[PDB]
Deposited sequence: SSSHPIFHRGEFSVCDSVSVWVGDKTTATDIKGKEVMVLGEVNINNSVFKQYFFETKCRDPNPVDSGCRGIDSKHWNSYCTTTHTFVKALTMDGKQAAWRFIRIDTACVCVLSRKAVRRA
């Protein structure tokens, strides 16, 4: 290698998620174990975030900061009424965002 990232990130497996914002931007509660055909599974999410800005970017031309993007995993979330399966947002990476400066 001898290669480096523009934005540094740290990833960890999260097994105790309790809240998250859905694919509709609506915040919501996330349950633990789920029941899929008489068997119970733990809900696990591999989460990745930033530490910000960017490294190696030509400052003399662009403005930049590090942003954490996200994927969408289907999970069991209690909205208030009943539990339902919906796609939640999960921090998955850190990318540098560019913006023409001056």
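- Unmodelled regions (deposited sequence positions with no C-alpha coordinates, counted from 1) are 1-8, 61-66, 117-120.
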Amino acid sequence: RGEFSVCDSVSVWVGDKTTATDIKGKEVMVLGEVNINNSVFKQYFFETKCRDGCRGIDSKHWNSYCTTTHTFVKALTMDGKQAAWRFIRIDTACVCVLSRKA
From here on, numbers count along this sequence of modelled residues.
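- Among other compared entries that model residues flanking residue 91, every one gives it coordinates, keeping it clear of the one-third cutoff.
- Judged by the one-third criterion across other entries of this protein, residue 22, modelled here, is also modelled in every one of those that cover both its neighbours.
- Stretches compared: 8-16, 83-91. Higher mean C-alpha B-factor in the entry: 83-91.
- Annotation for 41-49 versus 71-79: the higher mean temperature factor (C-alpha) is found in 71-79.
- Ranked by Cα temperature factor within the chain, residue 96 sits in the lowest third according to the deposited record.
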